[PDB]
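Single chain ahead, by itself, as structure tokens, in the form deposited in one PDB entry.
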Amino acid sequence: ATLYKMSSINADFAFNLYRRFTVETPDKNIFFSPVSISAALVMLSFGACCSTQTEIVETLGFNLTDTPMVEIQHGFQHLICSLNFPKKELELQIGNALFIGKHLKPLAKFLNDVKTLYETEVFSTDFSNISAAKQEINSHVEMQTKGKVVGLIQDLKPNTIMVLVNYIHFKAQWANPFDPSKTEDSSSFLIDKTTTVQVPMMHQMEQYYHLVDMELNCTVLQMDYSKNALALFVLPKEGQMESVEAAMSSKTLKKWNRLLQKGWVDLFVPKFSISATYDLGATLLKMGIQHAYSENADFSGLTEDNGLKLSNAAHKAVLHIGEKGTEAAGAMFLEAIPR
């Protein structure tokens, strides 16, 4: 319960980033892991100082008067630990890895801190062979996401001296799985006003927590996984997607948590897989992460010589929903070059 205020801030960051993405790619699939993005950037901030550090955590939604820097750091450590704590029937792992250039001068304190407190695996990497370094990192992320996130990094700058990656993998079974014998092989899904695509449409009638939001004109359906997780489906009325998107916030989630009521639903859900990628460099800059990218970047907590700056950031995430449950994964990439 001590983590709720932090997860609430992390959720509002999720919704604000989501809204940036709807501007970048309007009327298109969006899919990402906000916790992966938040966790990777907080970890980077652990080695930052002064405005370089404060910009990162403020961009993540934190208010330093409400929650001091050290409290944010300790809170995220507790969050990651709790997410990774084994729960029968749930596969959920969030981890990170640091690939350190052969000539980098990382502080021993920093490395021991992240290995012990942040789950981090640290690898010595020869970036002078940029093609092999990229393959090494991509294969590591692929392995850690159970094969689901392939080719996270498309290009790696030739002068790279450090890479930070975060990965998340989630696999869970529905509390009430669908019977594939009741799945319609080919059913219509409306992708715009006049256009359908065909998808298998799963079908069951069971009790679920659900509501119709009278203010936002959307249906909200909660589908439980068998252990410690749930999915929320938000289905706007015709023409209401934009207004629902505008309204999504932790405040809205809290309202819905009170209003959801469990009762019978005749439920049709599509079986499908999607993937999405994001080049986050300029987005994170616009959102307020400025000094990290500059020749005056302050990462004095990270290397002896304060020798690096952020150069690029990217995210990839994948989703599958089917009769048994859901499998999803994501990964965050942060690239550093000499300052």
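If you superpose the two forms and keep the largest set of C-alpha atoms that fall within 1.5 Å, you have the rigid core. One-based numbering along the sequence shown.
As recorded in the PDB entry, 85-93 is the stretch of 85-93 and 199-207 with the greater mean C-alpha temperature factor.
The PDB entry reports B-factors from which the mean C-alpha value can be compared for 32-40 and 63-71; the larger average falls on 63-71.
Note on the listed residues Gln261, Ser249, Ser243, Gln173: the highest Cα temperature factor in the record is that of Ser243. Among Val234, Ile168, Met162, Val114, the highest C-alpha B-factor in the deposited entry belongs to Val114.
Remark: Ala133 belongs to the middle third of its chain, ranked by C-alpha B-factor as recorded.
Among the modelled residues of its chain, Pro180 has a C-alpha B-factor that falls in the highest third, as given in the PDB entry. Ranked within its chain, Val220 lands in the lowest third, by CA B factor from the PDB record. Among all modelled residues in this chain, the alpha-carbon of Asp298 has a temperature factor (C-alpha) in the lowest third. Looking at the C-alpha B-factors along this chain, the one for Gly47 belongs to the lowest third.
There is also a form deposited in another entry; it is not shown, and the following applies to it.
In the overlay on the core between the shown form and the other one, a shift of 2 Å or more in CA position is seen for a single residue of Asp266, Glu215, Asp179, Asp155, which is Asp155. In the core-superposed comparison between the shown form and the other one, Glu71 has its Cα shifted by less than 2 Å. Once you line up the core between the shown form and the other one, the Cα of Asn306 ends up 2 Å or more from where it was. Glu245: CA moves less than 2 Å between the shown form and the other one after rigid-core fitting. CA of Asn306 to CA of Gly75: farther apart by 3 Å or more in the other entry than in the shown form. Relative to the displayed conformation, the Cα-Cα distance from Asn306 to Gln73 grows by 3 Å or more in the other entry.
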